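Comments concern the structure below.
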Amino acid sequence: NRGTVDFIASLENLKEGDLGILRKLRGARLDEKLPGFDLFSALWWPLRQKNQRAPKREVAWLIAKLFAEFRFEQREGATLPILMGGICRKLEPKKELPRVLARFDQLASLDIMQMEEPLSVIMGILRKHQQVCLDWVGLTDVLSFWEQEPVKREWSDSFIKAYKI
Amino acid sequence: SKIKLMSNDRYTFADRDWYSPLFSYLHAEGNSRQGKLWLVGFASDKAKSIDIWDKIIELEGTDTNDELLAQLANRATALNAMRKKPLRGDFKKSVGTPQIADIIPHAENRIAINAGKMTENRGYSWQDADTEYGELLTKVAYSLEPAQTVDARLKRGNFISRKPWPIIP
Amino acid sequence: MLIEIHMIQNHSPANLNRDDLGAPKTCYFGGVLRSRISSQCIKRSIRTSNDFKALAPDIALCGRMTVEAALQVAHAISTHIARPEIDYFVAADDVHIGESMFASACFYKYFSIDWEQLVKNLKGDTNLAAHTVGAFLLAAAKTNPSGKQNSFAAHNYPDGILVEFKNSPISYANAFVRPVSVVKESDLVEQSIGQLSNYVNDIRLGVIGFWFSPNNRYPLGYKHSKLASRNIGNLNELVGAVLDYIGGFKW
Amino acid sequence: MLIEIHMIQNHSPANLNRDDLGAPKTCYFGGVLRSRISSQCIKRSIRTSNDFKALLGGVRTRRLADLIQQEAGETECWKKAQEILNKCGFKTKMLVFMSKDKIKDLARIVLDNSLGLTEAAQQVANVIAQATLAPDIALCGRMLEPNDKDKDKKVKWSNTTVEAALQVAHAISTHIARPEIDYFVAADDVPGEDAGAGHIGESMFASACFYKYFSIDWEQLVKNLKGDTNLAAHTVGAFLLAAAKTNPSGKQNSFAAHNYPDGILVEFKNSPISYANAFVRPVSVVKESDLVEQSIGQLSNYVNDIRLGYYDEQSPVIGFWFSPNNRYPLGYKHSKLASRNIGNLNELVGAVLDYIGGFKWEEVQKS
Amino acid sequence: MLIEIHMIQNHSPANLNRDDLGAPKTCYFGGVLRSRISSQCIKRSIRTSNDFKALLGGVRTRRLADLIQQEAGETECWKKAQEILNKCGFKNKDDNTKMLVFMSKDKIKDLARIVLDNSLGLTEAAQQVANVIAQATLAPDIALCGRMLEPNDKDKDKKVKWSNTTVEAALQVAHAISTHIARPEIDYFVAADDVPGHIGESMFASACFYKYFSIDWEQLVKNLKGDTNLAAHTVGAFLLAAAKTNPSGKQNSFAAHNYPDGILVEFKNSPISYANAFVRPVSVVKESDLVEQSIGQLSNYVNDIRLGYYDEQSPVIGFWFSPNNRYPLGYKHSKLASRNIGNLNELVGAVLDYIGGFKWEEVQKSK
Amino acid sequence: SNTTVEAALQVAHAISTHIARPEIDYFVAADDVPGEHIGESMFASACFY
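Right, dumping it as structure tokens:
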């Protein structure tokens, strides 16, 4: 969907200083710090003007902070339930696999304002296994409509399909 | 006849028990013969009447298999064993998955259509009749595991694969 | 004429009606399993109740042994998918794990009353019939089955009532063919009432009615539509309006 | 009349009630997952509390033979006790719930007598049936069913049913459930080769804000305890105090969740009404306010809607709202829903006793 | 009599407790994320502390054979002791020696003597060892923490009967939680090589914690066979250790050795937790700091609780301690604490005087 | 055999006594041949304990 592609492109065009500014704002809200608010407004407001179906402020802020921390390369078809699920085929089934699965499954009982730390640990698990690509646009689209059952069903089904291979 | 109005620890109400007087009849009196077999069953208990039913089965008269006929003659025990299995764990004096008993009669009624072919094993088999439970078990699994997680999906996949097992003695 | 009553009621986790195996009663609708409360439980729940005790009445409404009762009660059905649950319990000794079944669901209830039959059963009396209708409405609004209530104190009240005077009997179960899926910006009762609203928004396009919600908590129609002739926030005022339309009697 | 108690209580991360697998209990409400505390757990915690020991006059046990034996210095009364109970019909052993003094004295005197086994069993059955004088028995009821398959055909049983006077609902969370897992590793004091990578354990815990509902019928409570009345008032007061200041004893040695309720509402009605539907929509925390304040606001909104809805001028209802030192008001903006807002628990108990009748708590603490 | 200790302590950036993945433990309280320290870690830190060196004597291990062999010195004795322990009932499923044994350290000599008896066989020796183990519960750490021991019935000899091996705990410790929103942080590290000839990640956090401890005097006295001097010494040493000991994890990299900024010690008949003072997370303002705001909210909740629930015929007595009166309690009350003490030693003296009257030297001379 | 030595020194991370003020420096590299790229670095100043 147009509106998210340009948002991710603008995020990928940032330089070291803006990435550090967003990095130092992790775990914080949009209103308390002014430089982060100004940077987010400059990056986001024209997109909301031009496109009505642009991502909401909370999801965009969360995605910006996550991208600033992790800095993955955008690639279509590399969504989270595939890389996580292809990784889960190399762990010990008895002990490590349930521990990873519980952390992956905990996301279904949290709202968009509490999905920073679990996503952080999931992306750290990804980074520990030499992963350099991720689908940011797809992740944003899923996170926008996280309160719908078919979205979660498709998420889990994709995870299972990737895992059973 | 072994029909009752309730499901006790040793019984599960499914439908007319048309498979009971089959091993005895097709091996002692009547044998294999092309025609229409009329079955009349009248359940009773001491001086109390329970129910009466009747059925008609189209028989061609093509041999018989002792083990398969004996397994067919003992199917209420298999249905009871399928019902009594709990959702998880093992508990003493556990009724076990009451939702399966709600869907058993419909599957039994659907299976009873090919009674003649199931009795003589022409084109119908136990595994062929086992397929009728798949859709109903899939519907039940959504109610039993109403979660959008991986564990719920795996549990539903495990639950879907339940079927009665033939027990000859 | 016929008076039809539609109720939407949400219940807390409880077990108000169970089968021989102890599990809550169920049914099949819309390709899924739904919770069910039997008709002969709602009847004998409204009946034989102390509140309802307010030409012998209570027989004209519900007959006994060719009485030709004038009240019709349907089977309560759920607006979503059934979600049975198992509770594991043990017993202490102060000197063996058992399991029980329970569920929570939102129910749609349908009642019908034949006015002419009620009048004929009362031997021409017309004020007594109106009093009986009002008493039945009050009793049905404030009564629940006495199941495992000592362990599940489920005494919730209905969140929406609709009274209609159609020419022919018809139920709105077809408004719940698609099970309700809860979204963040709404709740279950609101979505159920919206689904009901988008079944009388149609039909008329392709009669009158009175809508009642507690203090106008849930208004019929998610717009400024006139799908309801009158919206009332008090039960007694709803009874009075129905009494007036029946032919102008005072409650 | 009917006494209705509603409570809002927030608990620290703990595990008070757990299932067979060792996880906190959960349920489905409003289409979402909520934490659950069972009703029997709350009833047992209240029954065996320090604020109720003055009225704990009932025992529920299957080892009645040991209790009968303890009512004897040196006489051997164990095998005969088991035989008599077996002829009674308690042949796994059946749980028996009844008063302590009656069973002790009467069983000791009847059992030790030189009489026939059938007559002794009949007298024991009669004594067991007639021993229904205890506040806990009146509150929780009783249902005794002798086994007719392996009981003496000569004996005959009488009525053994006591209708309950208390209704307790399962506690449910006002928000969505957030189960959590903690990993533990046991250490060894003496150094050595040690184990391998280590045996990591799993303990499940959760934190939630619960809504609790209790209903008490005064007429049935009085009828259960016979024409006595002061004892009923003492029982009501002790039950209120115990429910206010008692928690289940789960993993309390590692999760000391000794929190107190932040809001109580006591109403006097004629029919039971539950305010659970106030939390069909889960409570979401925003940058302003906290969980308890939002829960109390939603409860107040639902109470106002119910009061302005089903309302009859012929039977108005009143109640008292209690918050510690008036820190969480019900009508936050303008509504005066409650009549006699009270900032002290003892004052609330006194007001409840006064409305029930001409009762002083000091006077009724003698039955 | 129940002694309750509430502590507020701010820590420097450190990793005191971590999970299987290496991240600091976290919890969800009031709908928001908080940093967490497990109760087991605090209990182990207090137990294995210099201030608790004298009041020790309990050992918890899987290696009883090594200690038994070391007690004698030259007898071999490893295989025979291992066989006796296996016959006792210590489960050996999955070829893993397990079922950690907790007992007094002075009874090892009895076990070594019993094992080295040639007159007895193997079943009798196992029964004697079980009897010795089941009656070794006379150490302050065991009396505080408690003990549970359930041997399996599959590998033990059928002619072995166990007595009661359970001692109820007299100490309750709750998990430490932060008064604000947790902010976990990532540190990037590289391991350099000296010879000329990638990037890792670690987790750390900083937070201010609220700690809650509860001690039952009667149970502690009963466990120690009525030795009141030993109980008083244990209480004093426990207070000292809880005040001046911190968990030892990643301390060589993060030297977080901070001391508590506020301790409240209260005496009451019932346990009360002040965690609900922090349901609303603390937000730092420009004109104050974290510790002062946390103490202010704690004082507000304490005042509300004291004026709402605790006001009965039974009084409540407590003391408040801050270093040199640096952080006073609630400015708007100035009367919550019956005494404000500026030193830990006079606080301990006051508690010891209040319990039954005790001098520090006299109770120190008890071990 | 055993190859573990217990550390005898404990060190802590050096933290500031005030609020940090990160700053950005913009640099452009020059060319020594005329003919026919904004840079971004970070720095800060602080007082440490």
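Just so you know, the protein sequences line up as chains E, C, G, F, H and I, in that order. Numbering of the first sequence is given in the entry's author numbering, commencing with residue 2 and proceeding in unit increments. Numbering of the second sequence is given in the entry's author numbering, commencing with residue 354 and proceeding in unit increments. The third sequence lines up with residues 1 to 54, 138 to 148, 166 to 195, 204 to 314, 322 to 366 when you count with the entry's author numbering. The fourth sequence lines up with residues 1 to 91, 97 to 372 when you count with the entry's author numbering. The fifth sequence lines up with residues 1 to 197, 204 to 373 when you count with the entry's author numbering. The sixth sequence lines up with residues 163 to 198, 204 to 216 when you count with the entry's author numbering. By construction, the Cβ of each residue, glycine as well, lies at the ideal position given by its N, Cα and C atoms.
- Looking at the backbone, the Cα of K161 of chain H and that of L122 of chain H are separated by about 14 angstroms.
- Of all residues in the region 182-197 of chain I, only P184 and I186 come within less than 8 angstroms of chain E when Cβ atoms are compared, listed by chain position.
- Residue pairing for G324 of chain F: DSSP places it in a beta bridge opposite F:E272.
- For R60 of chain F, the uninterrupted beta strand (DSSP E) segment begins and ends at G58 to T61.
- For the set H:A238, H:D359, H:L33 and H:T251, the Cα lying nearest the Cα of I181 of chain H is the one of H:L33.
- The beta-carbon of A23 of chain H is placed no less than 8 angstroms from the nearest beta-carbon of chain I.
- Not flagged as an interface residue toward chain G: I8 of chain F, since no C-beta distance is shorter than 8 angstroms.
- Counting only runs of 4 or more residues that sit fully inside the region 54-142 of chain E, the alpha helix (DSSP H) segments are 58-71, 81-87, 97-106 and 118-129, in chain order.
- With respect to the 8 angstroms criterion, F29 of chain H and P13 of chain F are classified as neighbours on the basis of their beta carbons.
- When Cβ-Cβ separations below 8 angstroms define contact, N258 of chain H makes contact with chain I.
- Among the residues of chain E, those whose CB is under 7 angstroms from the CB of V503 of chain C are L102, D106, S157, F160 and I161, following chain order.
- From the beta-carbon of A262 of chain F, the residues of chain H found nearer than 9 angstroms are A174, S279 and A281.
- By alpha-carbon distance to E168 of chain I, the top candidate from H:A262, H:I269 and H:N258 is H:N258.
- Excluding five sequence positions before and after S45 of chain H, the CB atoms of its chain that fall closer than 6 angstroms to its own CB belong to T251 and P253, given in chain order.
- Just measuring C-alpha positions, the residue of H:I37, H:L21 and H:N349 sitting nearest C27 of chain H is H:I37.
- Of all C-beta pairs linking the region 340-357 of chain G to the region 277-296 of chain G, fewer than three are shorter than 8 angstroms, placing the two stretches out of contact.
- Boundaries around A176 of chain H are those of the beta strand (DSSP E), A176 to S178, since no alpha helix (DSSP H) includes it.
- Listed along chain E, the residues sitting closer than 8 angstroms to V291 of chain G by beta-carbon distance are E148 and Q149.
- Residue range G388 to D398 is occupied by the beta strand (DSSP E) that includes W391 of chain C, with no alpha helix (DSSP H) assigned at that position.
- Taking 8 angstroms as the CB threshold, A69 of chain E stays off the interface with chain C.
- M85 of chain E counts as buried, since no fewer than 16 other beta carbons sit within 10 angstroms of its beta carbon.
- Per DSSP, reduced to three states, the secondary structure at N50 of chain H is helical.
- When DSSP states are grouped into helix, strand and coil, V101 of chain H belongs to the strand group.
- Boundaries of the beta strand (DSSP E) around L412 of chain C: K401 to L412.
- Interface with chain C (8 angstroms Cβ-Cβ cutoff): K57 of chain E is excluded.
- Think of a sphere of 8 angstroms around the beta carbon of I205 of chain G: the chain F residues whose beta carbon falls inside it are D20, in chain order.
- Under the 10 Å beta carbon count, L171 of chain I is surrounded by fewer than 16 other beta carbons and is classified as exposed.
- If you look at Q9 of chain H, you'll find it isn't in any alpha helix (DSSP H); it sits in the beta strand (DSSP E) that goes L2 to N10.
- Residue pairing for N86 of chain F: DSSP places it in no beta bridge.
- Residues of the region 53-85 of chain H with a Cβ closer than 8 angstroms to any Cβ of chain F, in chain order: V59, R60, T61, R62, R63, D66 and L67.
- Contact with chain G is absent for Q225 of chain F, since none of that chain's Cβ atoms lies less than 8 angstroms from the residue's Cβ.
- Annotation: the continuous alpha helix (DSSP H) that includes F41 of chain E extends over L35 to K51.
- Remark: C-beta atoms of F273 of chain G and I347 of chain G do not approach each other more closely than 8 angstroms.
- Interface with chain F (8 angstroms Cβ-Cβ cutoff): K250 of chain G is included.
- At a cut-off of 8 angstroms between beta carbons, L171 of chain G makes no contact with chain F.
- Annotation for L64 of chain H: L85 and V101 place their beta carbon closer than 7 angstroms to its own, counting only its chain and skipping 5 residues before and after.
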